[PDB]
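Structural overview
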Amino acid sequence: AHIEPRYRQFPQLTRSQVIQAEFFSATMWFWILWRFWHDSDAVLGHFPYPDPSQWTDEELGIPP
Amino acid sequence: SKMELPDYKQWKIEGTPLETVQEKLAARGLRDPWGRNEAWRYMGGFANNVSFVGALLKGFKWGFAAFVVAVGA
Amino acid sequence: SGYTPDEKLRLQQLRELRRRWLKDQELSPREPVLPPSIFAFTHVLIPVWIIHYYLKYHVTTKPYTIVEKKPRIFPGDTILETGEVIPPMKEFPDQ
Amino acid sequence: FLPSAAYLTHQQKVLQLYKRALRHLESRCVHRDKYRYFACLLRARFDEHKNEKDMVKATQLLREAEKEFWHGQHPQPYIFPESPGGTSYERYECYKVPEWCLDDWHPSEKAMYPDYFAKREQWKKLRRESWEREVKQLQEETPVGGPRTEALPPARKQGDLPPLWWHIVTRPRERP
Amino acid sequence: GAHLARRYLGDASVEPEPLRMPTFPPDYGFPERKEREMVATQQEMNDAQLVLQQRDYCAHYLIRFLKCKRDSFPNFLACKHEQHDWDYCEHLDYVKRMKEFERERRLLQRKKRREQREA
Amino acid sequence: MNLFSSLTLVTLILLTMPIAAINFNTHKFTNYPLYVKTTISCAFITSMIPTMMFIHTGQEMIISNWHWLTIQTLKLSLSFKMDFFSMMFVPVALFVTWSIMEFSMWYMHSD
Amino acid sequence: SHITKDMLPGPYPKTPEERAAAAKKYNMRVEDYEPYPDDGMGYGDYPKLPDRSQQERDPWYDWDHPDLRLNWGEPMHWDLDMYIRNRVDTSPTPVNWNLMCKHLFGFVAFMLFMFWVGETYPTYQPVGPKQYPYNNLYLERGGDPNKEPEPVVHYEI
Amino acid sequence: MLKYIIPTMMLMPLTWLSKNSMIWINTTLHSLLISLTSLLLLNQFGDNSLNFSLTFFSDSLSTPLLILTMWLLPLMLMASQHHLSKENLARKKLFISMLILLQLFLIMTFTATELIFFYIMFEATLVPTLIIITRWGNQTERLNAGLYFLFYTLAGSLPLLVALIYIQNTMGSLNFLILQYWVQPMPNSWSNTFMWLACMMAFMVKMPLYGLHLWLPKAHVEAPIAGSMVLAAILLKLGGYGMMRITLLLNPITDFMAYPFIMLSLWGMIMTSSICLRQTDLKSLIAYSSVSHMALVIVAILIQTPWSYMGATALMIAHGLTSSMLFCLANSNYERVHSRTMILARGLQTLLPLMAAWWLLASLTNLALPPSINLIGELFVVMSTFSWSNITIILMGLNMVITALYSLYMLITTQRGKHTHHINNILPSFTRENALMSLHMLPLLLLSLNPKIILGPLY
Amino acid sequence: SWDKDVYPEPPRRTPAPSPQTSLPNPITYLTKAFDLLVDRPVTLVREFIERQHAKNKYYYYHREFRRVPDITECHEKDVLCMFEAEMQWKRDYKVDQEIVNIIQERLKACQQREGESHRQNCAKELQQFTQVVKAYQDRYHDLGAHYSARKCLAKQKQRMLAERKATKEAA
Amino acid sequence: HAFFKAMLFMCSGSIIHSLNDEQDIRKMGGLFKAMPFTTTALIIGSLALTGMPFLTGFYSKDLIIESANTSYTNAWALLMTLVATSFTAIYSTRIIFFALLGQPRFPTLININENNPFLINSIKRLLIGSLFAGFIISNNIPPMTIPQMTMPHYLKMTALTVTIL
Amino acid sequence: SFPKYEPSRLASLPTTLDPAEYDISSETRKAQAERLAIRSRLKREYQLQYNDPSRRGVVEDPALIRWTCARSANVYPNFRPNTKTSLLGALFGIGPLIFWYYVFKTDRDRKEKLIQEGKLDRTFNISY
Amino acid sequence: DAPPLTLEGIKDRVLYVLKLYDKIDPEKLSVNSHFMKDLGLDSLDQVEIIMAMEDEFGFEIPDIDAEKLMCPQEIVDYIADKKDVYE
C-alpha cells in the first residue's frame, strides 16, 4: 500500500521501522552494557592511585 | 482524496493544561480563551508522551535480557 | 475595512482568468513529450590494470620515485632475506 | 505607505502592534499553554481601556505601549518559513522562469509540445486582440490628471477583461 | 589540584616548581641505591624503529607489545597482558617521578626549617 | 611493494571518472546517483583493504611522478603520500560521503 | 537619445527656480528636496535620503522591483551602492548600539585579562623529568657521533 | 621570423580583393594558419637566445607573447562583429585591415632586436588603435578617451627616444646582445638618475602606474571590443616586456631610485582594489582590475629576482587571457541589454543557462584559483617580494583578499539572484559567443597542464 | 634500471611474519589474488611491447662538448671570445642547478627511509648537503637576475679580496 | 567526530524535511512515537555526545581532557573546557527535550514518513558506524605517544561527573 | 523603562517609536497624500510603458541612467578646490604612503646593516 | 512535497476551524458571512481569527490583507492566491 496523510491525528506507523528502532536502541544499550562490565571498568583506570609519595621518610638520605 | 474531516465538538475538552488555564483564568474572571483548538495536540496517542528517563532510556526494556545471555556466555 | 464592490469584481475577474490560466497549465494529452553488473566490474578492473601498467614500468625506471618507510624488524625474530636472529630482549624480572 | 490611502489609521497601528506583540509572545512563550494564558492576558490588557472615546488618550497610551513592546521584544522570533526574513523566502526561486520567455525555442521543441503551444498562441492573440479598444479607452478616460491611488477599477463597463491583467495573472506557479 | 593551590597560596621557597628540576644536587645522601635498569638494548631499539620520547625506561614491554600485535594481526583483541605490563611499568615510573617531586619538597621544607633554627 | 601503491592510486583515480563521463556522455543517466553510489562503494572497498595492510605491516610509502618546472634548486611534481593519517583518514570520508549520497538521493528528490 | 536638460549641472542656487526645476526633474517633495549643501565635493544637486532604506520597506508593500526595494522612479540614493541587501542590512537593532559595542569589547578584554592570568600562572602535576638513557638522549639530539659526550647520569629514588 | 612577417603583410590585401560575404571566412582561416605557422617557432634551446640577422631575436621573454598575439587575432576579429556588421563594406574592410596592420606592428615590436626600432614600433602600436577607438568609440566621450590615450602615451614615451640616443652615442649600437656584453655600471650621479627616471617613467605611464592610471578606464569604456582586448592585453604586457628588456642595463641606481615607484604601486594597488569594489559600470571594473594586476607586475619587475621574472611573465600571459575573456563576456552582456550599467543586468541563471558557467570560470581564473597560471604568477611574486622586504606580505595578502572579493562580487552581482522581469530581450546564447569562450579557456587549461613553456629567461 | 653509482640504496632488510593464529591469513589470500589476477596479463603486455619494438631500433646519445678556455683569457671587448666563455659558464650553471636537485632528492630519500630515526644515518647526507649548499650560497647566490658572467667574477674578486684582508689582519 | 555529526546532520535534516522544511524548534515539539527510527537516531547521537561511559564518542574526548589535565596546562583553559563540556551537555539535553519530549506542536495535515529504503539504510549504516567502527579505529592504532594512565581521584571521573550535573 | 533606542549611523530608527510623529499635522497628511499621488502617477507611466505586448526592448529607466551619469562622470564639473577637499586629499594621499615608505626605509637599513655584519640566518638562503 | 488540495477541501477546513472557535455560534456560520457587517463579532477577535488561520496554513498573510477580507469566501480566495490551488 501507499502512505496517507491525516488531519489532527496521531500518525500511522509500520511495524518494521519501529521494530528496527527498538532493535537499534536496545543494541546500543547492549553495547554499553557488554562494554561496561565485560572487559572494563575503564572509567576507573586499572591502577590504585598512589598516595603522597609514600607517606614515609627514609628516602635516599633525607635530612634528620 | 478522502479526509473524513474528524468533526468539531468531539473533543469534550477535559485536558490537563487547558483545564488548568480555564480554571485559573475563570478565577481571574474572564473565561474567554480561544478555547478548544488544541485537544488534538494534547491528547489521543498523546497525553503522557514519555518523560525524561524513559526518553533517554528507551533501550533497556529489551537489552537487559540480552546482557543476561552475555553473562551466560 | 473592506473592499469596494468594484474591487471585489476586479478580484473575481482575476479569479476567472487565473483559473483558466492554471487549467491551461494542466496538461496530460497522453503524448506530452514525444521522441523526435559486468559493466560495473570491468569498470572496476580496467583502470586498475592501466595504472598498474603505468606504476611498474615508467615509475620504476625512474629511479627516485615511490619509496618507503621500512618495515620494522624485531629483536627476537628473523629476516626473510638474509636470515639470522638478532640477539633478543634482555632479562625479564619484576613482573 | 499603503496602496489605498496615505494615513494608516489609529486602528491599523493598534492592530499591527497587536499582531506583533502576539507573535513575539508565541516566540517567547513556548509549550503553548502558558502562551494561551498570556494571550488572554494581553487581550485583557487591551480590554483595560477599550472603553476610551478619546483620541489623544488613545494615541498617548499607544505610544507608551510601543515603549512597552520594544522593551520586551525578542531577538529571533518564530518567523514563518515562507515569510520574508524567514527560512524559505524564495527558497523555491530555482525555477521561477518568467513567462514572457518560451518564444525563443527551437521549432523541434515546439514540435514536442504541440497543443500547449497552440493554446499559448491563442492566449497571445487574445492578449493582442483585446489591448487596443477597451484597455486603451479605459486608460484614456478613467485616469484623472492625478491618479492618486495604486488600484484600478475593472472593466465593469460592458464586456471583456479588466486592464493590466497580463503580468498580474500570468505569474509563475511558485512551485517547480 | 592540591599541590598547585598550596604552592600558589604559599611562598615561593617551600613549595618548589618544575622546569628547574635539579634543585638539590644529585647524590646528596644516597646509600648507593642506583641500578638504572636499562633493559633498552638501545642499538636494537634504534633498529626496531621506535619513536622519540618513547626511547625511555620500560620500553622492552612496548617492544613485546609491538611484537605480539605484529605476530597476531587480525586478532584484534589479543594483546592486553603485555599492554597492561607496559602500563604497569609506566605507572611505576609515574610513582618514581612523584617520589622525586615530593622528596625535593620535603628537602626544601626541612632545609628552610633548619636554617631558621640555626639562624 | 606494488600492491599498496596501486590500491591507493586507484582509490584516487576511481573518483575522476564520472565527471569526464558526463562531459563525454550527451545522454542522460537518469540513474546518475546510482552510478555515483556504486563508484563510491568501489572506492570504499578498495580503501578498506590497504589500511588493513598498513597497520598489518607498517610499510609507509610516498609516491611522486609527472613533474613540471624543475627550475631552480627545487622542483615540483604530483607528489602524494600514504602514511598513518593519509590512510586512516580516507575510508572515514568515503563512508560518510557514501551515506550522504544516499541521504541526498532522498533529499534532492523533486529538484 | 535623451534630453540634456534632465541631467544635473550646478548646485542648488537659485533657490526659487533651480530648486523648482530640480524638484520637478527628480520628482520628489518640493521643500524637502535636499542639496547636501554646496560642499564642493562634486555631488552636484543630488538629493540626500534617510540612509537606511533596505531593511525598512517591508516586502508586503508589494512594489515593482523584487530585491532592490525600488519602484523605477525614485531618487536612486547616492549611497545605494553600499546599501543593497546582501551588502549592508540596516535593520533596526534588537537592543541598542552603545550597549552592544561596550559589552562586546569589555568581554573580550575580560577574557584576554584572564588569559594573561593563565599565561602567568600555569598548572602542573607533582612530576619531575623523564629519565632518558644516554645523558638525556644523546645521538637523537643534534648528533656528534664521535666528539662530545657530557657525563651526567640518572640516580634512583 | 621573416617567413612569419611576409604573410602578415600579405594577409592584408586579400581582405580588400575578396568578394562580399566572404571576407570573414578568409581572414579567420588564414589567421589560424599563421597561428600554427608561428607556433612552429618554439625551439628555444638551452644556453643562448635564437637570432636572425640584425633584425630578429627570441628569448623566452618574447615567444609566448608572440604566440599569444597570433592566437589573439581570430579571437580579436571574431569578437569584432555584430556591432559593425550592418555598416559599410569599404569601412568594414578598412577596419579589418587596420587590425591586421596593427598586429604587424606588434610583431615587429615583440621581435625588436634593436631599441630605436623598439621605440618606433612602440608608437607604431600607438597610432592605429587611436583610429579604431575614435571611429567606433560607441559612446559619448570617445573624443576625450582617445585624446588622453594619445597624449599620455607620447608625452610619457617621448624622452625615452633621447635617452636611447644618449645610450647609442655612449656605447655603440643598441643590439640587445652587445648591451648584454658591453654593459658597465653607471653610478649614483644625477645624470643616471634622470636617465633612469626618463626610461622607467615612460614605461610607468605605459603600464599604467597608479599615479597616472586615469589613462586606462576611459580608454576601455569608450573602445570597441577588438580594440579593448588588444589595448589591454597586448599594449600593457608589451610595456612590461619593454621594461624587462631595458632593465638589463642600469644596475646600481635602481637600488636608490626604485623606492617610490614600488611604494606607489603597492599602496595604489590596494586603492585600486578598493575602487573596483563599489563602482557601477560593469565594463570598467575589469579595467581597474587590470590596473591592480599591472601594479603587481611592476613590483615584480623592479625587485630584480629570477623568481620574480618567471612569475612576472607568467602573470603577464595569464592576465592577458583572463582580461580578454572577461571583456568578451562584458561585450556579450551589452549585446543583450544595451546598457553597460551593472544593476540592470540581474539574474541570468535560468536565462542563458550555460553562460553562467563561463562567467564562473573566468571569475575563478581572476580569483587565483590555484592550478591556474594566475596563482603561479602571484605566488612567485609574493615569494620574491618576501625575500625582498619580509614585511610586505601584508599588502600582498590584502591585495589577494580584496581581489578575490571584487572578482567574486562582480560575479554574483550581475549574474545571481533574480531576473528583473521587464527585459524581454535576452536571447539564448549564440554559438559565436560560446565559441569564443572555448577559444579562451581550453588553451588556458592546456597551458596549465604543461607550463614549462611560459616561464622567463631565468628559468 | 639506473645508475646506482649516482643513486645509492641501502641493503634490503625484510622481516618475516609468524602466526600463531588460525584465521587463516586473509591478506595472503588477497595478495595472491592480486598477483595472479593483475600481474600476469600486464607482464604479457610488457612482453608484447618489448618484442614489437625489438624489431627495429633507434638510438639517442648524450651531447658532450669541447672546452673553450676562459673569460680572463679574453680582453676588454672580445665579443668572439666572451660569447664562448659565457655560454660555457651558463651551461655549467644549469648543470650545477641539477646537482643541487639531485642532492635534495637524496635528502628526501634519507628522510623517507629512516622513518623516525631522523638523527641517525642522515648526518652524512644532510651534512654533505649543507656543504654543497654553503658552496652554492657563497658562489652563485648574491648576484641577482641579469647575470652575464662578469658579475660572477667581480663577486669572486670581491670575496677573495675581502677574506684575504680579513685573514691578513687576523693572522 | 566525522561519523558522529554526519549521522547527526543526516538525522536532523531528515526530520526537517519530514515536517515540511520548517526547521525551527518553535512549533516542532513532540515527535517521539512519530516513527522513532529517526528520533532514536537523534537520541543515540546526542547520548554519544558527552561520551556516555563508554561508547565510541567516549574515547577521544575523554582521553583529550585527561591528557589536558595531566599536562603543564594553563589554569584557565582546562576550566573553560570543563565548563563548555557541561554546556554541550546542556544544549544536547535541550535539543532532545525540545525535539521529542514536550507535548506535540506542529501544523495539521501531517505527512510524516520514512517509507524509503534509502533513508533507513543510510541512518542504519551510520549508527552501525557509530556503535562499532569508532571502537575499531580507536583500538588498533600504534601509540606514537605515551598515555598517562595514572590519574588521581576526580582527575579521570570528573568530566563525566560534570556532564551528569 | 528603556534607553529609548539611541540613534546611530547604523541604528534604523523604526517607524513605530519616533516619537516625533504622533501629533500629525493636517498639512503633513497633505504632504503624504502628495507623495502617494507622485508614486501613483509614476507607476501608471510604468504600467503604460510596461504592458505593451509588442514592446521588445527594456523598460528604459530614466532615473537609473540619471543616477549613473550623476555618479560616474559628472563629478569633476562641478568642483572647486576647497579647504576641506584639500585637507582630506592630503590625508588620504600622502599620509599612508609616507608611512609605509618610512617603514621600508627602516627595514632596508636594518636588513643590509645586519647582513653587512653577518650574524644573519642565511646558512642556506638559496631562493633569493 | 505536494499534497492534494481542493477548493472544497480547503473551504471545509477553514469553516471547520472557524466553527471550533468559542464566541461565534456554530449555528450561524456561513461561507458567505460578513465578519464585520452581519455577524457582529469584533474586529480584534477577527484578527485573532487571522492569526490562527495563518498559524494553521503556515504562512503570514500580510497586514495590508489583515484589513479587507471579512468573509470566508475571500479568505479562500486569498489562500488560493498564495498557495496557487486550481487545476
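Analysis parameters
Residues numbered from 1 in each chain as written, not as in the entry; some residues may be left out. Chains lettered and ligands numbered in written order. Part of a larger assembly, values for the part shown. Heavy atoms only, no water. Contact = heavy atoms within 4.5 Å. Buried area = accessible area lost by both parts, 1.4 Å probe. Salt bridge = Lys/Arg side-chain N within 4 Å of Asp/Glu carboxyl O. Polar contact = N/O pair within 3.5 Å; in protein donor to acceptor, adjacent residues only side chain to side chain. Nonpolar A, V, L, I, M, F, W, Y, C, P; charged D, E, K, R; others polar. Pairing = 2+ DSSP bridges. Helix = DSSP H or I, 4+ residues; strand = E, 2+ residues; numbered from the N terminus. Axes fitted to C-alpha atoms, helices over the stretch in contact; angles between N-to-C directions. Buried < 20%, exposed > 50% of the residue type's maximum accessible area, 1.4 Å probe, protein only. Disulfide = S-S within 2.5 Å. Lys, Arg positive; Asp, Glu negative; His and termini not counted. 1 Å grid on protein atoms, 1.4 Å probe; cavity = no way out; pocket = protein on both sides within 12 Å on 5 of 7 lines; lining within 4 Å. Points joined across faces, edges and corners; volume = space filled by probe spheres on them. Parallel < 35°, antiparallel > 145°, perpendicular 65-115°, else oblique.

Its PDB header names cryo-EM as the technique used to obtain the model and reports a resolution of 4.3 Å.

So, on to the interface of chain B and chain L. Much of the literature gives interface size as the accessible area that the parts lose upon coming together. Taken together, the contacts link 11 residues of chain B with 12 residues of chain L. Surface buried jointly by chain B and chain L totals about 1,100 Å² across both partners, of which 66% is contributed by carbon and sulfur atoms. Area buried by chain B at its contact with chain L is led by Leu5, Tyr8 and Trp34 of chain B, which between them contribute 58% of it. The interface formed by chain B and chain L includes 0 salt bridges. Connecting chain B to chain L are 2 residue pairs in polar contact. Of the residues contributing to the side of chain B that touches chain L, the split by class is 6 nonpolar, 3 polar and 2 charged.

Right, let's get into the sheet that holds strand 2 (residues 78–82) of chain F. Pairing between sheet strands relies on hydrogen bonds along the backbone, with the strands arranged either parallel or antiparallel. The strand order 1(C)-1(F)-2(F) describes an open sheet built from 3 strands, whose pairing is antiparallel. In this open sheet, the two strands that pair with only one neighbour each are strand 1 (67–69) of chain C together with strand 2 of chain F. Along the sheet, successive strands turn relative to each other by an average axial angle of 15°, direction set aside. Pairing analysis gives 5 bridges linking strand 1 (residues 60–65) of chain F to strand 2 of chain F, with the strands arranged antiparallel. By the bridge assignment for strand 2 of chain F, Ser64 of chain F is matched with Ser79 of chain F.

With that settled, the discussion passes to the pairing of strand 1 of chain F. The element strand 1 of chain F is extensively covered by neighbouring structure, given that 6 of its 6 residues are classed as buried. Covered by surrounding structure in strand 1 of chain F are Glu60, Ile62 and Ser64 of chain F together with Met61, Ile63 and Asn65 of chain F, the residues of both alternating faces.

Attention shifts here to the environment of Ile79 of chain D. Tracing the backbone shows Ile79 of chain D in the loop between helix 3 (56–71) and helix 4 (109–112). Given the relative accessible area of 35%, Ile79 of chain D is considered partly exposed. Remark: the alpha-carbon pair of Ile79 of chain D and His24 of chain D, spanning 55 residues in sequence, is separated by 9.4 Å. In contact with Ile79 of chain D, not counting residues within four places along its chain, are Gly85 and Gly86 of chain D together with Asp24 of chain J.

Moving on, we come to the state of the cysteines. With the rule as written, the count across this model stands at 4 disulfides over all chains. Residue pairing for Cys74 of chain I: its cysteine sulfur links by disulfide to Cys81 of chain I, the two sulfurs lying 2.0 Å apart. Torsion about the S-S bond of the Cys74 of chain I and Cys81 of chain I cystine: about -70°, corresponding to left-handed handedness. Of the two residues, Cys74 of chain I and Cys81 of chain I, both sit in the buried class. Numbered by position along the chain, the disulfide-linked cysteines of chain E connect as 1-4, 2-3. We note that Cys29 of chain D lacks a disulfide partner, and the nearest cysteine sulfur, in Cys40 of chain D, lies 11 Å from it. Given a relative accessible area of 6%, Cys29 of chain D falls into the buried group.

A word on the arrangement of the chains. The assembly contains 37 pairs of chains in contact; the pair sharing the most contacts is chains G and K. At the C-alpha level, the nearest point of chain A lies 39 Å from chain K, with no contact between them. For chain F and chain L, which are not in contact, the least C-alpha distance works out to 8 Å.

Counting residues at the interface gives 38 residues for chain G and 37 residues for chain K. Between chain G and chain K, roughly 3,400 Å² of surface is buried when both sides are summed, and carbon and sulfur atoms account for 54% of that area. Across the contact surface, chain G and chain K share 3 salt bridges. With a closest N to O distance of 3.0 Å, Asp81 of chain G and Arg71 of chain K form a salt bridge. There are 12 residue pairs in polar contact connecting chain G and chain K. Those elements that provide at least two residues to the side of chain G that touches chain K are helix 1 (17–26) and helix 3 (98–120) of chain G. Grouping the amino acids of the side of chain G that touches chain K by side-chain chemistry returns 14 nonpolar, 14 polar and 10 charged.

A few words now on the pattern of salt bridges. Scanning the model with the defined rule gives 55 salt bridges over all chains in all. The salt bridge involving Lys19 of chain D is made with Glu60 of chain L; its shortest N-O contact spans 3.7 Å. Of the two residues, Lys19 of chain D is situated in helix 1 (residues 10–28) and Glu60 of chain L in the loop between helix 2 (43–57) and helix 3 (72–83); the pairing between them involves two chains. Take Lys19 of chain D and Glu60 of chain L: they sit in the same class, and that class is buried. Measuring nitrogen to oxygen at the nearest pair gives 2.4 Å for the salt bridge that ties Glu67 of chain L to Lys68 of chain L. Taking relative accessible area as the criterion, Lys68 of chain L reaches 14% and is therefore assigned buried. One network of salt bridges, in which partners are shared, links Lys19, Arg23 and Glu26 of chain D together with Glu54, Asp55, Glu60 and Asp63 of chain L.

Moving on: unusual backbone geometry. Of the consecutive residues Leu23 of chain I and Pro24 of chain I, the connecting peptide bond is found in the cis state with omega at -15°. As for its placement among the helices and strands, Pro24 of chain I is situated in the segment before helix 1 (26–54). Residue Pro19 of chain K is bonded to the preceding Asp18 of chain K through a cis peptide linkage, with omega at -15°. For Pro19 of chain K, the location among the structural elements is in the segment before helix 1 (26–50). Phi at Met76 of chain G is positive, roughly 55°, even though this residue is not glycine. Position of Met76 of chain G relative to the elements: it lies in the loop between helix 1 and helix 2 (80–83). Residues other than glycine seldom take positive phi values, yet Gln20 of chain I does so here, at roughly 65°. Counting through the fold element by element, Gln20 of chain I comes out in the segment before helix 1.

Moving on to the side chain of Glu102 of chain E. Within the secondary structure, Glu102 of chain E sits in helix 4 (residues 81–118). There is no salt bridge for the buried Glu102 of chain E, and the closest opposite charge comes from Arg6 of chain E, which lies 5.2 Å off by N-O distance. Side-chain polar atoms of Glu102 of chain E contact the backbone nitrogen of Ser53 of chain A, separated by 2.6 Å. Not counting the four nearest positions on each side in its chain, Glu102 of chain E is found in contact with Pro52 and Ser53 of chain A.

Let us look at empty space enclosed by the protein. Estimates place the volume of the largest cavity at around 460 Å³. Every residue lining the largest cavity is counted, 33 residues in all, and those nearest its centre are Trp34, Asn37 and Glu38 of chain B, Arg36 of chain D together with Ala52 of chain L. Those elements that place two or more of their residues in the lining of the largest cavity are helix 2 (39–42) of chain B, helix 1 and helix 2 (33–46) of chain D together with helix 2 of chain L. No other element matches helix 2 of chain L, which puts 7 residues into the lining of the largest cavity. Taken together, the residues that form the lining of the largest cavity break down as 16 nonpolar, 3 polar and 14 charged. The computed volume of the second largest cavity comes to approximately 130 Å³. Taken together, 13 residues form the lining of the second largest cavity, with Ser53, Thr56 and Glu59 of chain A together with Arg103 and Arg106 of chain E sitting closest to its centre. When the residues that make up the lining of the second largest cavity are grouped by side-chain class, the tally is 4 nonpolar, 3 polar and 6 charged.

Turning our eyes to something else, we now look at the packing of helix 6 (residues 116–135) of chain H against helix 12 (residues 225–246) of chain H. If you want to describe how two helices pack, look at the angle between their axes and the distance between the axes. Residue and element names in this part refer to chain H. Packing of helix 6 against helix 12 brings their axes to within 12 Å, and their N-to-C directions diverge by 170°. In terms of axis orientation, helix 6 runs roughly antiparallel to helix 12. Facing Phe118, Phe122 and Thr125 of helix 6, the residues of helix 12 in contact are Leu235, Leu238, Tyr241, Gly242 and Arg245.

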